[PDB]
Ligand SMILES: [Fe+3]
């Protein structure tokens with residue numbers, strides 16, 4: 001699946017790994033993250049992410 005990178009801090013959301021610490025299980029698409037999900041490292045919104053893969 002895709003990788004999305006936070007432009008502010010470089011954190012990569014990997015759809016194959018999800019974000020289990022915030023209740024997002026492996027295999028969840030970036031589009032299916034909650035509208036108000038933020039970068040776990042810097043707090044930037046989804047609008048600051050771009051697909052890198
Ligand atoms: Fe970030």
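At full extension, residue 32 and residue 17 could sit 4.0 nm farther apart than now, given 0.36 nm per residue minus the alpha carbon distance. With Rh defined as the Kirkwood radius, the inverse of the mean 1/r over Cα pairs, the Rg/Rh of the chain is 0.90.
Computed from the coordinates by the stated procedures, all read-outs in this text should not be read as laboratory data.
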